[PDB]
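Novice: For reference, the structure I am asking about is given below.
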Amino acid sequence: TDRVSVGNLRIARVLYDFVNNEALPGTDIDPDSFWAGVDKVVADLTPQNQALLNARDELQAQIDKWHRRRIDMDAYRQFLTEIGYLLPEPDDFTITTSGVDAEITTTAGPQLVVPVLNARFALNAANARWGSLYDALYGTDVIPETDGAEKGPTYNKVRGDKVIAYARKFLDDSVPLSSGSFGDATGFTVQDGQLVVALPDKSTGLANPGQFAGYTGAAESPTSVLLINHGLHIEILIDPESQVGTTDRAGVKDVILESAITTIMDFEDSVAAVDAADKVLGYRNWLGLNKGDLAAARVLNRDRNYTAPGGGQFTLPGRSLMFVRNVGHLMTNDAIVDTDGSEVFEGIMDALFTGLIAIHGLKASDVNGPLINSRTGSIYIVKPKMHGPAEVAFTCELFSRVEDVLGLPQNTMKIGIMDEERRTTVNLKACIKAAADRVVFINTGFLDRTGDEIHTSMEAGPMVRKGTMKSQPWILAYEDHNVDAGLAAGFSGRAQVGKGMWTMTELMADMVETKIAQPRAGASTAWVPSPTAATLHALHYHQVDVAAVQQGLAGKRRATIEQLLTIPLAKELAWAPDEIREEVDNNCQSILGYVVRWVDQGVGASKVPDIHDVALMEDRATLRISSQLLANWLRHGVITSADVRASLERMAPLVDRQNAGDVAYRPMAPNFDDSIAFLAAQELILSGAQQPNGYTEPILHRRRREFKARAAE
Ligand SMILES: O=C(O)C1=C/C(=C2\C=Nc3ccccc32)NN1
Ligand SMILES: [Mg+2]
């Protein structure tokens, strides 16, 4: 209820007040003009937005019928071409985007993704540009807790020594000495622009003196030594009076790594935001981060100060350069409605509002606030779930029109193309071309892209199990195809090529062991769930020369269209009944475990124990893959209707028990039919086949609004 009328728009009062009183001031944009701009952009671009969404449904309908009238890959591919799903590949080109920050064009390193509605997590992320290696090693299972090195209420010095040793070895691998090991260092000095390291006998310098990047304190006895490797900084904090430094052979207190080079503040799959009040909380946090005054009861960090090897001062950034992830093209939100009572497209709103807010981040002031995000004056929006190059061109048009409403130079709002839909994958080169002057980023993932995969080929037959999907031909070609297209479009030295998220937040040893594969595959960046994970993952960019990898990959075409189009159908008699049961339970607990927190508590990302009590931090896309898989098995009679109900009922109390220790929690068992969460989870499965491209948000947003409305009394 209660709205402000502006032309054809009926704007929720809370939103209206927030923009005028909080967002607009300092931007020198006339409030009346802004709202007219909103009304106009919305009226003009809404039909297009709708036209694209209808085109998806049409395409999917044809693909459905085709499968029902049957596999001949040659005919399939020709069909996709005929219906305008597979478009012709454009001639080679190089992107032209300008005014892009160094964090994106040149530096390879970790990238954090955080739900914007959580100010605490958002604050930590922005400050995770720099992280303590010691804390990360000590706090996680990277250092085993075995030989007397278990963690306790108090500091364990045996475990500390292992941390130190691990770090000492890292230094050896990253910034090697001409002779000897950092392990035996006793002191650090700066003699004539050159870092001397004191060993017991002799005293050496860096193998490459070029890696010596600066220091703090007196050259004769620095308080820290700054190093650089593969563009990433390493700070050795020296302090013999500290407890840790006291026992260190060279007085070293800590090793600090440049960690999360960039961060994505997320308005999409990691948050639950189903109405106007929610969007405002989200927008307000975004405002604070760009104002640079967001804080919790604690602040955002300022740049760091150093001394060049041969005297003189310099400075380095102290915050993670921020992107924002807008919602995609599909959903509407009641934050604004029309005179007929039709909700306005949420993506259109996000562009306008997140873009307005981001103006503050281009300026250091007192009306705009103290801390600056982008130094070149770009706004970095990541756009999810686009299908095909027309939808990309549409996003760029939206951005262009928003830039006019905001009075920003054209091409200010950069785009990060997420490759997570089949129709974007197979037309990827064309998608990048459609954004050739705005694009700063492409990336791959597992959850959404597989959900689309399952849904697109829904009628073709039963898919393989979810675990199996990570090793299927289509996804391996997809991963490699992404890297190839970016590099072919000239991304190396111009834009990020990213890869997916490590979801197992407690298995850091495993992450350190395996996630190295991503930069080895030429990814200039990849997702981590926490600041701690960003610090650990930063080790990989030290061990791997991403720029060299990309250069060596140049011109290769490692994935074919046939490979991309290889549908992940299961072979005959693939599974025993126990395996089927295990897969169903797996997916049902996955849905119930994530849905219960989303619907009941408005939580979009958290450590959710899986069926075997492994902690996984996933976003909403987990629902899409899980629900589509079950819907597929349901459709082709792998499982009956009884089967699915029995599983949800078995898994509900287990999820109930898994949330013990949360006072806010309300059990779903034993009264399932009275549980809005249980029903939401059941619906996502039973109606899964009929949701557009398998998306979960229509069901979810509806059930969360229903829960919130039941809670209104
Ligand atoms: O595999 C994918 O497609 C995918 C995983 C994922 C996340 C996993 N944990 C998260 C926490 C916060 C925001 C996003 C995520 N996003 N996309
Ligand atoms: Mg996604």
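Positions 2 to 71, 76 to 302, 312 to 727 (the UniProt record's numbering) are the ones given, in order, by the sequence shown.
For every residue, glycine included, the Cβ atom is placed at its ideal position computed from N, Cα and C.
1. Around the C-beta of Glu150, are 16 or more other C-beta atoms found within 10 angstroms, so that it is buried, or is it exposed?
2. How about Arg82 and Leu91: are their beta carbons less than 8 Å apart?
3. Can you tell which of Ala218, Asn50, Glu155 and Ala255 has the C-alpha that lies nearest to the C-alpha of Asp189?
4. How is the beta strand (DSSP E) around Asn234 delimited, first residue to last?
5. In the DSSP assignment, the beta strand (DSSP E) including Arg415 goes from what residue to what residue?
6. Does the Cβ-Cβ distance between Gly215 and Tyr555 come in under 8 Å?
7. Flag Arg463 as yes when its Cβ comes closer than 7 Å to any non-hydrogen atom of ligand 3, and as no otherwise.
8. In angstroms with no decimal places, state the Cα-to-Cα distance between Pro543 and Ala619.
9. Please tell me whether, using a cut-off of 7 Å, the distance from the CB of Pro181 to the nearest non-hydrogen atom of ligand 1 is below it.
10. Taking the C-alpha atoms as reference points, what is the distance between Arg4 and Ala281?
11. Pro120 by DSSP, collapsed to three states: which one?
12. Of the residues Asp624, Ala141 and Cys602, which one's Cα is nearest the Cα of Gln642?
13. Looking only at DSSP bridge pairs, what is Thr426 linked to?
14. Taking the alpha-carbon of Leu698 as reference, which of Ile639, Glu720, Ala683 and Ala666 has the nearest alpha-carbon?
15. Looking at the secondary structure, which residues open and close the alpha helix (DSSP H) in which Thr110 lies?
16. Bridge partners of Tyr220, per DSSP?
17. So, does the segment 95 to 102 touch the segment 279 to 293, judging by three or more C-beta pairs under 8 Å?
18. Quick one: give me the first and last residue of the alpha helix (DSSP H) that residue 754 is part of.
19. Do you know how far the Cα of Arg14 is from the Cα of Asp146?
20. Can you say whether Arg572 is buried or exposed, counting buried as having 16 or more other CB atoms within 10 angstroms of its CB?
21. Can you tell which of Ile713, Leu606 and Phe328 has its C-alpha closest to the C-alpha of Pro681?
22. Rounded to whole angstroms, what's the CA-CA distance from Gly342 to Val195? Just pull it up for me.
23. For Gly297, does the count of other Cβ atoms within 10 angstroms reach 16, so buried, or fall short, so exposed?
24. Is the separation between the beta-carbon of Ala130 and that of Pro398 shorter than 8 Å?
25. So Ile594 is in the beta strand (DSSP E); what residue range does that whole segment cover?
26. Work out the CA separation of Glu240 and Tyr320 for me, nearest whole Å.
27. Could you check if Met78 is buried or exposed, using at least 16 other CB atoms within 10 Å of its CB as the buried criterion?
28. Kindly list the residues whose CB is nearer than 8 Å to the CB of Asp494, restricted to its own chain and excluding five residues on each side of it in sequence; keep chain order.
29. Assuming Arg333 contacts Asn132 under a Cβ cut-off of 8 Å, what Cβ separation, rounded to an integer in Å, is found between them?
30. Can you have a look at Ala725 and say buried or exposed, based on whether 16 or more other CB atoms are within 10 angstroms of its CB?
31. Identify which residue in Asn315, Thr251 and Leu262 has its Cα closest to the Cα of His235.
32. Hey, is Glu357 close to ligand 1, as in C-beta under 7 Å from one of its heavy atoms?
33. Do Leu117 and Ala548 have their CB atoms nearer than 8 Å?
34. If we count Cβ pairs, one from each stretch, closer than 8 Å, do we get three or more for the segment 439 to 457 versus the segment 497 to 506?
35. Can you give me the Cβ contacts of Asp271 inside the same chain, cut-off strictly under 7 Å, excluding the 5 residues immediately before and after it?
36. Please return the same chain residues whose Cβ sits closer than 6 Å to the Cβ of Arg415, not counting the five positions on each side in sequence.
Specialist: A quick look at the data gives this:
1. exposed
2. yes
3. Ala255
4. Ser226 to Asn234
5. Premise fails: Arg415 lies in the alpha helix (DSSP H), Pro403 to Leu420, not in any beta strand (DSSP E).
6. no
7. Summarising the ligand content, the structure contains ligand 1 and ligand 2 and does not contain ligand 3.
8. A direct Cα-to-Cα measurement between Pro543 and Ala619 gives close to 10 Å.
9. Annotation for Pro181 indicates a beta carbon at 7 Å or more from all heavy atoms of ligand 1.
10. Straight-line Cα distance between these residues: approximately 11 Å.
11. In the structure shown, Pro120 sits in a strand (DSSP, three-state: E or B).
12. Checking every option, the nearest Cα to that of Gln642 belongs to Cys602.
13. Answer by DSSP bridge pairing: none, since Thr426 is not bridged.
14. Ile639
15. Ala107 to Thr110
16. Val230 and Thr321
17. Not touching, per the Cβ criterion.
18. Shown here, the chain extends from 2 to 727; a query on residue 754 therefore has no answer.
19. 49 Å
20. exposed
21. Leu606
22. 53 Å
23. buried
24. Going by C-beta atoms, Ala130 is not nearer than 8 Å to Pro398.
25. Element bounds for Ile594: not the beta strand (DSSP E) but the alpha helix (DSSP H), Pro591 to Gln615.
26. Straight-line Cα distance between these residues: approximately 11 Å.
27. Classified as exposed, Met78 has fewer than 16 neighbouring CB atoms from the shown chains inside 10 Å of its CB.
28. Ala535, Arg572 and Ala573
29. 7 Å
30. exposed
31. Nearest neighbour of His235 by Cα position, chosen from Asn315, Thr251 and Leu262, turns out to be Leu262.
32. no
33. yes
34. yes
35. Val118, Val119, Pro120, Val121 and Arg339
36. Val42
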